[PDB]
>>> print(open('upload_2.txt').read())   # compact mmCIF, C-alpha atoms
# COMPACT_ATOMS: atom_id res chain seq x y z
CA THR M 1 0.00 0.00 0.00
CA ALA M 2 1.22 3.51 -0.75
CA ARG M 3 -0.06 4.87 2.55
CA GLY M 4 1.86 2.16 4.39
CA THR M 5 5.38 3.06 3.27
CA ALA M 6 7.62 6.13 3.18
CA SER M 7 8.43 7.96 -0.03
CA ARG M 8 11.21 9.77 -1.82
CA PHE M 9 11.29 12.25 -4.67
CA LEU M 10 13.26 11.26 -7.78
CA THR M 11 16.96 11.65 -6.89
CA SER M 12 20.50 11.13 -8.10
CA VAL M 13 23.36 10.54 -5.68
CA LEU M 14 25.92 13.38 -5.76
CA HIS M 15 24.23 14.78 -8.92
CA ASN M 16 25.40 11.70 -10.76
CA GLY M 17 25.27 11.62 -14.55
CA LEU M 18 25.84 15.35 -14.99
CA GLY M 19 29.62 15.65 -15.21
CA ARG M 20 30.08 11.94 -15.76
CA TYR M 21 28.36 8.69 -14.97
CA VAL M 22 29.79 7.06 -11.86
CA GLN M 23 28.65 3.45 -11.51
CA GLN M 24 27.19 3.34 -8.02
CA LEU M 25 27.80 -0.28 -7.04
CA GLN M 26 30.96 -0.49 -4.95
CA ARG M 27 31.60 -3.96 -3.53
CA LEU M 28 29.90 -7.27 -4.31
CA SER M 29 30.47 -10.21 -1.95
CA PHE M 30 29.36 -13.79 -2.65
CA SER M 31 29.29 -16.60 -0.13
CA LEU M 32 28.83 -20.11 -1.55
CA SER M 33 29.37 -23.65 -0.39
CA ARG M 34 31.63 -25.99 -2.30
CA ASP M 35 29.91 -29.08 -0.91
CA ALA M 36 26.18 -28.25 -0.58
CA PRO M 37 23.53 -28.46 -3.41
CA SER M 38 21.63 -25.17 -2.89
CA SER M 39 24.76 -23.35 -4.01
CA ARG M 40 24.97 -25.15 -7.36
CA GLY M 41 24.02 -22.14 -9.47
CA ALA M 42 26.27 -19.90 -7.36
CA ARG M 43 29.15 -22.20 -8.19
CA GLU M 44 28.87 -22.06 -11.97
CA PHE M 45 28.47 -18.28 -11.98
CA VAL M 46 31.81 -18.14 -10.13
CA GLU M 47 33.53 -20.37 -12.68
CA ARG M 48 32.23 -18.95 -15.95
CA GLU M 49 30.83 -15.46 -15.34
CA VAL M 50 32.72 -13.75 -12.50
CA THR M 51 35.85 -13.29 -14.67
CA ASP M 52 34.03 -11.54 -17.54
CA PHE M 53 31.84 -9.59 -15.14
CA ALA M 54 34.92 -8.27 -13.36
CA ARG M 55 36.53 -7.33 -16.69
CA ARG M 56 33.34 -5.51 -17.70
CA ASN M 57 33.00 -3.60 -14.40
CA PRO M 58 36.45 -2.33 -13.35
CA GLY M 59 34.95 -0.15 -10.61
CA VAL M 60 33.27 -2.75 -8.41
CA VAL M 61 35.36 -4.97 -6.13
CA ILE M 62 34.19 -8.58 -6.04
CA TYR M 63 34.82 -10.68 -2.92
CA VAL M 64 34.18 -14.44 -3.17
CA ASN M 65 34.05 -16.72 -0.13
CA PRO M 66 33.46 -20.43 -0.16
CA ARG M 67 32.43 -21.32 3.41
CA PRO M 68 30.40 -24.01 5.19
CA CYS M 69 27.11 -22.12 4.54
CA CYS M 70 23.60 -23.39 3.64
CA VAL M 71 21.95 -20.43 1.87
CA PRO M 72 24.18 -18.76 -0.77
CA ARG M 73 23.89 -14.98 -0.55
CA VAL M 74 25.21 -11.98 -2.40
CA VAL M 75 25.64 -8.73 -0.54
CA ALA M 76 25.71 -5.59 -2.66
CA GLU M 77 27.17 -2.47 -1.07
CA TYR M 78 26.83 1.02 -2.47
CA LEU M 79 28.83 4.21 -2.83
CA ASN M 80 25.79 5.61 -1.09
CA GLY M 81 26.40 3.64 2.09
CA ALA M 82 23.34 1.57 1.29
CA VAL M 83 23.60 -2.21 1.66
CA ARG M 84 21.36 -4.66 -0.19
CA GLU M 85 21.06 -8.38 0.53
CA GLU M 86 20.10 -11.11 -1.93
CA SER M 87 19.80 -14.83 -1.88
CA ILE M 88 21.17 -16.42 -5.00
CA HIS M 89 19.87 -19.57 -3.30
CA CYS M 90 18.76 -22.32 -5.73
CA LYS M 91 18.98 -20.33 -8.95
CA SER M 92 20.23 -21.09 -12.46
CA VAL M 93 23.37 -19.52 -13.88
CA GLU M 94 21.37 -17.26 -16.20
CA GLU M 95 19.35 -16.21 -13.18
CA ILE M 96 22.42 -15.38 -11.05
CA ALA M 97 23.97 -13.49 -13.97
CA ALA M 98 20.73 -11.55 -14.49
CA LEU M 99 20.39 -10.65 -10.79
CA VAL M 100 23.98 -9.44 -10.53
CA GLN M 101 23.36 -7.36 -13.64
CA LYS M 102 20.34 -5.78 -11.93
CA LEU M 103 22.42 -4.95 -8.86
CA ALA M 104 25.18 -3.46 -11.02
CA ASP M 105 23.10 -0.60 -12.45
CA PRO K 1 29.76 2.88 13.51
CA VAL K 2 32.76 0.67 12.66
CA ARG K 3 35.48 1.01 10.02
CA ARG K 4 34.88 -1.03 6.89
CA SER K 5 38.55 -1.99 7.33
CA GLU K 6 37.61 -3.80 10.57
CA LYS K 7 34.62 -5.59 8.97
CA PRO K 8 34.83 -9.06 7.30
CA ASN K 9 35.66 -8.20 3.63
CA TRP K 10 38.60 -5.86 3.14
CA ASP K 11 41.51 -5.58 0.72
CA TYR K 12 43.04 -2.14 0.87
CA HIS K 13 45.11 -2.38 -2.33
CA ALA K 14 42.10 -3.54 -4.34
CA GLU K 15 40.05 -0.65 -2.99
CA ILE K 16 42.73 1.88 -3.86
CA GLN K 17 43.12 0.57 -7.44
CA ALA K 18 39.34 0.42 -7.93
CA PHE K 19 38.81 3.96 -6.60
CA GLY K 20 40.90 5.44 -9.39
CA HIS K 21 39.54 3.03 -11.99
CA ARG K 22 35.91 4.11 -11.42
CA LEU K 23 36.55 7.85 -11.84
CA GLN K 24 38.69 7.20 -14.94
CA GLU K 25 41.84 8.76 -13.49
CA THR K 26 45.48 7.68 -13.58
CA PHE K 27 47.24 7.81 -10.19
CA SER K 28 50.66 6.46 -9.40
CA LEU K 29 49.44 4.26 -6.54
CA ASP K 30 52.31 5.61 -4.44
CA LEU K 31 50.92 9.13 -4.47
CA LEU K 32 47.33 8.03 -3.80
CA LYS K 33 48.36 5.84 -0.85
CA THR K 34 50.28 8.89 0.36
CA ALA K 35 47.11 10.93 -0.01
CA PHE K 36 44.93 8.94 2.41
CA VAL K 37 47.51 8.92 5.23
CA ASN K 38 46.72 11.31 8.11
CA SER K 39 48.82 12.70 10.98
CA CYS K 40 46.29 11.15 13.37
CA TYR K 41 46.88 7.62 12.11
CA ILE K 42 50.63 8.15 12.49
CA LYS K 43 50.32 9.54 16.06
CA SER K 44 48.16 6.56 17.07
CA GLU K 45 50.60 4.16 15.39
CA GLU K 46 53.38 5.75 17.47
CA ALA K 47 51.28 5.48 20.65
CA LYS K 48 50.90 1.73 20.01
CA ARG K 49 54.55 1.30 19.04
CA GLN K 50 55.62 2.96 22.31
CA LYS K 51 53.15 1.27 24.67
CA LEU K 52 53.70 -2.25 23.29
CA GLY K 53 57.50 -1.87 23.04
CA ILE K 54 57.27 -2.43 19.28
CA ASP K 55 60.01 -0.96 17.08
CA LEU B 1 54.39 -52.16 7.39
CA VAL B 2 54.88 -49.01 5.31
CA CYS B 3 52.36 -46.81 3.54
CA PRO B 4 53.91 -45.72 0.21
CA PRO B 5 53.65 -42.06 -0.94
CA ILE B 6 50.51 -41.24 -2.97
CA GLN B 7 50.82 -40.24 -6.65
CA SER B 8 49.14 -37.00 -7.78
CA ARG B 9 47.76 -38.39 -11.10
CA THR B 10 48.59 -35.16 -12.93
CA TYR B 11 49.46 -36.57 -16.33
CA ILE B 12 51.47 -35.12 -19.19
CA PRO B 13 52.65 -37.42 -22.02
CA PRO B 14 56.43 -37.86 -22.58
CA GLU B 15 57.99 -36.90 -25.95
CA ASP B 16 59.35 -40.38 -26.69
CA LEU B 17 55.87 -41.94 -26.63
CA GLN B 18 55.80 -43.50 -30.13
CA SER B 19 59.19 -45.19 -29.60
CA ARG B 20 58.34 -46.22 -26.01
CA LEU B 21 55.05 -47.81 -26.97
CA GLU B 22 56.54 -49.43 -30.09
CA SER B 23 59.31 -51.05 -28.02
CA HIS B 24 56.56 -52.16 -25.63
CA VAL B 25 54.65 -53.67 -28.56
CA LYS B 26 57.76 -55.57 -29.68
CA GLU B 27 58.67 -56.86 -26.22
CA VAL B 28 55.10 -57.65 -25.06
CA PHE B 29 53.51 -59.30 -28.08
CA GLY B 30 56.59 -61.49 -28.49
CA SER B 31 56.20 -60.68 -32.14
CA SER B 32 58.27 -59.30 -34.96
CA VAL B 33 56.32 -56.12 -35.67
CA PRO B 34 54.05 -56.03 -38.75
CA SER B 35 54.57 -52.84 -40.83
CA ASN B 36 51.60 -51.15 -39.13
CA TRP B 37 52.40 -51.37 -35.44
CA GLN B 38 49.64 -49.11 -34.15
CA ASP B 39 46.84 -51.12 -35.82
CA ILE B 40 47.56 -54.57 -34.34
CA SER B 41 44.66 -56.22 -32.44
CA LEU B 42 44.72 -56.25 -28.58
CA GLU B 43 42.07 -59.00 -28.20
CA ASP B 44 44.22 -61.67 -26.50
CA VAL B 45 43.91 -61.51 -22.71
CA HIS B 46 47.55 -62.54 -22.09
CA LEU B 47 48.87 -59.88 -24.43
CA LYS B 48 46.41 -57.37 -22.99
CA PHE B 49 47.49 -57.85 -19.38
CA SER B 50 51.19 -57.89 -20.31
CA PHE B 51 50.96 -54.83 -22.56
CA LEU B 52 48.89 -52.75 -20.17
CA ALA B 53 51.02 -53.72 -17.17
CA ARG B 54 54.33 -52.71 -18.76
CA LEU B 55 52.53 -49.62 -20.06
CA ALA B 56 51.25 -49.04 -16.53
CA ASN B 57 54.73 -48.90 -15.05
CA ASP B 58 56.52 -47.06 -17.87
CA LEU B 59 54.07 -44.17 -18.14
CA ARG B 60 53.28 -44.18 -14.40
CA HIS B 61 49.58 -44.37 -15.26
CA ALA B 62 46.58 -46.70 -15.17
CA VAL B 63 43.78 -47.17 -17.69
CA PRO B 64 40.58 -46.92 -15.57
CA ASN B 65 38.03 -49.77 -15.43
CA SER B 66 35.23 -48.89 -17.89
CA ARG B 67 37.73 -47.74 -20.53
CA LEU B 68 38.92 -51.33 -20.97
CA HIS B 69 35.79 -52.06 -23.05
CA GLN B 70 37.01 -49.59 -25.67
CA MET B 71 40.61 -50.70 -26.25
CA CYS B 72 40.94 -52.80 -29.44
CA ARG B 73 43.84 -51.68 -31.63
CA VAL B 74 47.01 -50.02 -30.33
CA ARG B 75 45.92 -46.74 -31.94
CA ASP B 76 43.37 -46.55 -29.11
CA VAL B 77 46.14 -46.73 -26.52
CA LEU B 78 48.10 -44.06 -28.40
CA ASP B 79 45.04 -41.79 -28.39
CA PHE B 80 44.20 -42.48 -24.74
CA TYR B 81 47.67 -41.64 -23.51
CA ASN B 82 47.90 -38.62 -25.82
CA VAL B 83 45.07 -36.97 -23.90
CA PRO B 84 46.30 -35.11 -20.78
CA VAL B 85 44.45 -35.15 -17.46
CA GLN B 86 44.92 -32.65 -14.62
CA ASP B 87 44.02 -33.19 -10.97
CA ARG B 88 43.40 -29.50 -10.26
CA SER B 89 39.75 -28.64 -9.56
CA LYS B 90 37.80 -25.69 -10.97
CA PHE B 91 38.97 -23.49 -8.11
CA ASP B 92 42.71 -24.28 -8.30
CA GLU B 93 42.41 -23.74 -12.04
CA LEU B 94 40.75 -20.42 -11.19
CA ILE B 95 43.47 -19.04 -8.89
CA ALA B 96 46.05 -20.01 -11.55
CA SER B 97 44.10 -18.38 -14.40
CA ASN B 98 45.52 -14.82 -13.96
CA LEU B 99 42.65 -13.03 -12.18
CA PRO B 100 41.57 -9.37 -12.68
CA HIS B 101 42.83 -7.03 -9.95
CA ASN B 102 39.34 -6.11 -8.80
CA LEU B 103 38.46 -9.72 -7.88
CA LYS B 104 39.68 -11.15 -4.56
CA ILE B 105 39.04 -14.78 -3.54
CA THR B 106 39.61 -16.47 -0.16
CA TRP B 107 39.47 -20.17 0.80
CA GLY B 108 37.21 -21.16 3.69
CA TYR B 109 38.26 -24.79 4.14
>>> encode(input="upload_2.txt", output="structure tokens")
Amino acid sequence: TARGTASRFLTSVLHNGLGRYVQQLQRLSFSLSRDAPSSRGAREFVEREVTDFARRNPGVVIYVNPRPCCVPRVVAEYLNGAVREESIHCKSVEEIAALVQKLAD
Amino acid sequence: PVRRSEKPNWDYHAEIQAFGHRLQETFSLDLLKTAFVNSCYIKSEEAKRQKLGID
Amino acid sequence: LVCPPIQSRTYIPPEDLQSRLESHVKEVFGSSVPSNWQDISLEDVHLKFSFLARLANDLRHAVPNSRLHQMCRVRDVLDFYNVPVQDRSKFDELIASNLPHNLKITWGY
């Protein structure tokens, strides 16, 4: 409901896009599990995509941790100070790639 | 509020390199590393070096 | 009672392969080699065990179980041993793949 939430007016951070575009995503940190099944999609994205994604986006740092963890998550962090959480849990590689590409922009 | 440097994911060299890469500027990394160093950090570093007997 | 050191199974073929294997053909089959030495039939069980044993200890390698259905001429052995096999997983291959500077990976095990 629109009376339930807060609101904001349309805004750019730091008047972005005027002088130059500054891609706002700063760090991206994955946590997968080498052993467990729910991380399957998260694994392949790390093998095939992460390289080319890092080449394409020089600005964002990408941290990747395999750890004994049951729900694979990706934590986006912004130049804004904003932090956004996602579960990549039980998703295909095209689905991980797509999500990360949503976070990016 | 806690320093991102004290939180779980930190690589300072990667951050420094990235910083410059995202604004499309060329810094000798030496000069940029020089740039983020403050007198306060040095004074605290000397406090710790003196009180722990570290050279 | 000793436990021998474990081999790493990382396999690269030696340069002298053709000559090695041909000398192994000569010595194993107890035969003066017919002009095509890579096409001779491996069907005989005696010759098979002998050949693959001496080939096991020269090349420091073993032909795995299932594969033994597929080995008929010597050309098959040539082709099998000409195909390299690493032991390094996707991750060890990844760290060794010359990563971009903006990507930092840690190991949690």
>>> closest_atom_pairs(input="upload_2.txt", of="chain K", to="chain B", cutoff="12 Å", atoms="all atoms listed in the file", output="JSON lines")
{"residue": "K:8", "atom": "CA", "partner": "B:106", "partner_atom": "CA", "distance": 11.6}
{"residue": "K:9", "atom": "CA", "partner": "B:104", "partner_atom": "CA", "distance": 9.6}
{"residue": "K:10", "atom": "CA", "partner": "B:104", "partner_atom": "CA", "distance": 9.4}
{"residue": "K:11", "atom": "CA", "partner": "B:104", "partner_atom": "CA", "distance": 7.9}
{"residue": "K:12", "atom": "CA", "partner": "B:104", "partner_atom": "CA", "distance": 11.0}
{"residue": "K:13", "atom": "CA", "partner": "B:101", "partner_atom": "CA", "distance": 9.2}
{"residue": "K:14", "atom": "CA", "partner": "B:102", "partner_atom": "CA", "distance": 5.8}
{"residue": "K:15", "atom": "CA", "partner": "B:102", "partner_atom": "CA", "distance": 8.0}
{"residue": "K:16", "atom": "CA", "partner": "B:102", "partner_atom": "CA", "distance": 10.0}
{"residue": "K:17", "atom": "CA", "partner": "B:102", "partner_atom": "CA", "distance": 7.8}
{"residue": "K:18", "atom": "CA", "partner": "B:102", "partner_atom": "CA", "distance": 6.6}
{"residue": "K:19", "atom": "CA", "partner": "B:102", "partner_atom": "CA", "distance": 10.3}
{"residue": "K:20", "atom": "CA", "partner": "B:102", "partner_atom": "CA", "distance": 11.7}
{"residue": "K:21", "atom": "CA", "partner": "B:102", "partner_atom": "CA", "distance": 9.7}
{"residue": "K:22", "atom": "CA", "partner": "B:102", "partner_atom": "CA", "distance": 11.1}
>>> residues_around(input="upload_2.txt", residues="residue B:47", least_positions_apart="5", cutoff="10 Å", atoms="all atoms listed in the file", output="MDAnalysis selection string")
chainID B and resid 25 28:30 41:42 52:53
>>> closest_residue(input="upload_2.txt", among="M:1, M:26, M:65, M:33", to="residue M:79", atoms="all atoms listed in the file")
M:26
>>> interface_residues(input="upload_2.txt", of="chain M", to="chain K", cutoff="7 Å", atoms="only C-alpha atoms", output="ChimeraX atom specification")
/M:22,58-61
>>> residues_around(input="upload_2.txt", residues="residue M:36", least_positions_apart="6", cutoff="9 Å", atoms="all atoms listed in the file", output="list in words")
residues 68, 69 and 70 of chain M
>>> write_last_selection(input="upload_2.txt", atoms="C-alpha atoms", output="tab-separated table (two decimals), in the frame of the given file")
chain	number	residue	atom	x	y	z
M	68	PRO	CA	30.40	-24.01	5.19
M	69	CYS	CA	27.11	-22.12	4.54
M	70	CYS	CA	23.60	-23.39	3.64
>>> interface_residues(input="upload_2.txt", of="chain M", to="chain B", cutoff="6 Å", atoms="only C-alpha atoms", output="ChimeraX atom specification")
/M:61-67
>>> atom_distance(input="upload_2.txt", atom1="atom CA of residue B:88", atom2="atom CA of residue B:11")
11.1 Å
>>> atom_distance(input="upload_2.txt", atom1="atom CA of residue B:10", atom2="atom CA of residue B:67")
18.3 Å
>>> residues_around(input="upload_2.txt", residues="residue B:59", least_positions_apart="2", cutoff="10 Å", atoms="only C-alpha atoms", output="ChimeraX atom specification")
/B:11-14,17,20-21,54-57,61-62,81
>>> atom_distance(input="upload_2.txt", atom1="atom CA of residue B:24", atom2="atom CA of residue B:9")
21.9 Å
>>> build_atoms(input="upload_2.txt", residues="stretch 56-75 of chain B", atoms="N, CA and C atoms", output="mmCIF file, in the coordinates of the input")
data_model
loop_
_atom_site.group_PDB
_atom_site.id
_atom_site.type_symbol
_atom_site.label_atom_id
_atom_site.label_comp_id
_atom_site.auth_asym_id
_atom_site.auth_seq_id
_atom_site.Cartn_x
_atom_site.Cartn_y
_atom_site.Cartn_z
ATOM 1 N N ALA B 56 51.624 -49.634 -17.803
ATOM 2 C CA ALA B 56 51.250 -49.040 -16.530
ATOM 3 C C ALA B 56 52.479 -48.533 -15.782
ATOM 4 N N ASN B 57 53.555 -49.309 -15.803
ATOM 5 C CA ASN B 57 54.730 -48.900 -15.050
ATOM 6 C C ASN B 57 55.735 -48.025 -15.790
ATOM 7 N N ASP B 58 55.664 -47.989 -17.120
ATOM 8 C CA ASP B 58 56.520 -47.060 -17.870
ATOM 9 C C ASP B 58 55.974 -45.632 -17.774
ATOM 10 N N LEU B 59 54.682 -45.484 -18.049
ATOM 11 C CA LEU B 59 54.070 -44.170 -18.140
ATOM 12 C C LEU B 59 53.543 -43.682 -16.799
ATOM 13 N N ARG B 60 53.705 -44.513 -15.768
ATOM 14 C CA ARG B 60 53.280 -44.180 -14.400
ATOM 15 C C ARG B 60 51.780 -43.871 -14.356
ATOM 16 N N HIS B 61 50.999 -44.661 -15.083
ATOM 17 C CA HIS B 61 49.580 -44.370 -15.260
ATOM 18 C C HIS B 61 48.759 -45.658 -15.329
ATOM 19 N N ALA B 62 47.463 -45.551 -15.071
ATOM 20 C CA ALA B 62 46.580 -46.700 -15.170
ATOM 21 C C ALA B 62 45.387 -46.374 -16.060
ATOM 22 N N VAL B 63 45.019 -47.303 -16.936
ATOM 23 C CA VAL B 63 43.780 -47.170 -17.690
ATOM 24 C C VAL B 63 42.618 -47.593 -16.794
ATOM 25 N N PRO B 64 41.685 -46.667 -16.509
ATOM 26 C CA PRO B 64 40.580 -46.920 -15.570
ATOM 27 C C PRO B 64 39.642 -48.016 -16.065
ATOM 28 N N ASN B 65 38.836 -48.572 -15.161
ATOM 29 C CA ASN B 65 38.030 -49.770 -15.430
ATOM 30 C C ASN B 65 37.212 -49.767 -16.720
ATOM 31 N N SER B 66 36.166 -48.942 -16.762
ATOM 32 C CA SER B 66 35.230 -48.890 -17.890
ATOM 33 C C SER B 66 35.930 -48.811 -19.252
ATOM 34 N N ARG B 67 36.964 -47.976 -19.314
ATOM 35 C CA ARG B 67 37.730 -47.740 -20.530
ATOM 36 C C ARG B 67 38.198 -49.017 -21.212
ATOM 37 N N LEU B 68 38.398 -50.076 -20.431
ATOM 38 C CA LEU B 68 38.920 -51.330 -20.970
ATOM 39 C C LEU B 68 37.966 -52.020 -21.949
ATOM 40 N N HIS B 69 36.721 -51.551 -22.033
ATOM 41 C CA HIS B 69 35.790 -52.060 -23.050
ATOM 42 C C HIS B 69 36.174 -51.548 -24.437
ATOM 43 N N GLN B 70 36.819 -50.384 -24.456
ATOM 44 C CA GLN B 70 37.010 -49.590 -25.670
ATOM 45 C C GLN B 70 38.358 -49.786 -26.355
ATOM 46 N N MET B 71 39.242 -50.570 -25.747
ATOM 47 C CA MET B 71 40.610 -50.700 -26.250
ATOM 48 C C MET B 71 40.751 -51.949 -27.137
ATOM 49 N N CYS B 72 40.948 -51.729 -28.439
ATOM 50 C CA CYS B 72 40.940 -52.800 -29.440
ATOM 51 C C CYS B 72 42.242 -52.868 -30.244
ATOM 52 N N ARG B 73 42.555 -51.794 -30.961
ATOM 53 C CA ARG B 73 43.840 -51.680 -31.630
ATOM 54 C C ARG B 73 44.791 -50.893 -30.729
ATOM 55 N N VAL B 74 46.045 -50.760 -31.140
ATOM 56 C CA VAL B 74 47.010 -50.020 -30.330
ATOM 57 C C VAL B 74 46.771 -48.517 -30.493
ATOM 58 N N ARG B 75 46.208 -48.138 -31.640
ATOM 59 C CA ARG B 75 45.920 -46.740 -31.940
ATOM 60 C C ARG B 75 45.072 -46.129 -30.831
#
